[PDB]
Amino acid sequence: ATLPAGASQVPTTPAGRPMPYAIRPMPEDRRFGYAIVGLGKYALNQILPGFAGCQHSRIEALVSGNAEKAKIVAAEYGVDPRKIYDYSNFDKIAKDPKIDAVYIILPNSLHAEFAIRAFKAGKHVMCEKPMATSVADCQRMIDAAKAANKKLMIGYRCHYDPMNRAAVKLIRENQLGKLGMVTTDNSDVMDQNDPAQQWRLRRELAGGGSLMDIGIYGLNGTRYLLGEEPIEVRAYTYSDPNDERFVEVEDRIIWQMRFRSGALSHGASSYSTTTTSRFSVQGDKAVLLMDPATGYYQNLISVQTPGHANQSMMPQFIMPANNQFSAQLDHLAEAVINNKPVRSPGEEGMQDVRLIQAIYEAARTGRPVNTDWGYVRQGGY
C-alpha cells in the first residue's frame, strides 16, 4: 500500500548515506609488515597480488638477488627503494622494526638458512612448502623459532581455502559416513624452459621430484580430509630414462597409505601429464569429489550418491570468505596480534617432509615403511 520508512526518507538531493552492507571482505588495517624473500613465479603471480585483499597485512620490504627486477617490483608495489635488500645484506632487516615477518619464497634447499637467519633477526617466519629438503633442517628451523620466541608458519594455502575447508566440515559432520578410501591425483607438465622449473629438475635444490612439488597436496590433503595420520606407507616411482627432465628427480610416483582407523588411500603425482588436481573420498554413506581440489581459483566440490550430485563452489555475487592467499597472509598476522597459535606451524610442515622421505624410502626399497611415530596435529586439521 505505502512505501517503507527508509525508502521514503531518502532524499532526492545529494546526500551522505551510511556504511553499506559488505558482501565481500573489507580492509581493516595494514598493521603487519612483511618482507618478501625471493622475487620469483609464485611471489609475483600469487603472493604480491594477494596482499591487496588482506585485512591486516602489508608489504614492507623486498629481498632479492636481482636488483633491476627488485627496483621494478618495488615501484609496482609502492615499496621504498631504501627497503630493498639482497642476500648478503639480509640480516640488516633486524634494524628495521617495521618489518614484522619474513616470507621466504625461495627454492626448497635455501629455506632453512633464511628462516634461521630471520629468527636471529627477531622476525616471524612464513615459509613456503615444502618446509625444507631434510627432516633435520625442519627441526633446526623449529628450534630456532622456539629460541627466538617467534612464530613459524608453513605456506599451506589449502588450509585457508574456502572450498577445502567446506569439504573438511562436511566430512566432520558425517556426511560421507565411515571413511574407507581416498584417491588423490596431482599433475602438471614440467617445462624446463621456464626458470621456475629449472631448480625443480635439480635434486640438490628441490630435494625430490613431483611428490615434493605437487604430490604433497595430495599427501597433506589426505591427512586433513581423514583427520588422521598414516601408520604405514608403500610406494613405486618411474620416470622415462631418455627424458632429460628426470635425470635427478622423479616424474611419476604412486603411494599407498594405511590409517589406524582402517582407511586406505592411493595417490599419485606426475610431471609429464596435464593439469590434474582431483581428490576423492569414499565413505559408506556418500562419496566426495574435489575437482578442482587445490587450484588457485575455481575449486569445486561434489557430494555424490545414486541419482544425486550436490555441488558447491564460490557464489556468483558474494564472497563469504576471503581467498586462500590473503587469508594465509592475514593468519600469521592475526596469530601474532591476538597471541593465538598458527594453524599451519612448522611441526605440520615437518610431518609432510618426514612422510615424503618415508615414501621415497619405500619406493627405493620396495618394502613398506612404518610411519607410526606419534605426530599429533595441534589445533586440529
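Just count from 1 along the sequence shown to find any residue number.
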task: Quick one: say whether 355 to 363 or 5 to 13 has the higher mean Cα B-factor in the deposited entry.
output: 5 to 13
Greater mean Cα temperature factor according to the PDB record, 204 to 212 or 81 to 89: 81 to 89
statement: Among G221, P97, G227, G177, the highest C-alpha B-factor in the PDB entry belongs to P97
Selection by C-alpha B-factor (highest) of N66, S312, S326, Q316: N66
task: Consider only the C-alpha atoms of the modelled residues in this chain, order them by B-factor as the entry records it, and name the third containing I116: lowest, middle or highest.
output: highest
query: By the record's CA B-factor, is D243 among the lowest, middle or highest third of residues in the chain?
result: highest
task: Ordered by C-alpha B-factor within the chain, which third holds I301? Give me lowest, middle or highest, please.
output: lowest
Ranked against its chain, the third holding the CA B-factor of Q256: middle
message: What third of the chain does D143 rank in for C-alpha temperature factor, lowest, middle or highest?
response: highest
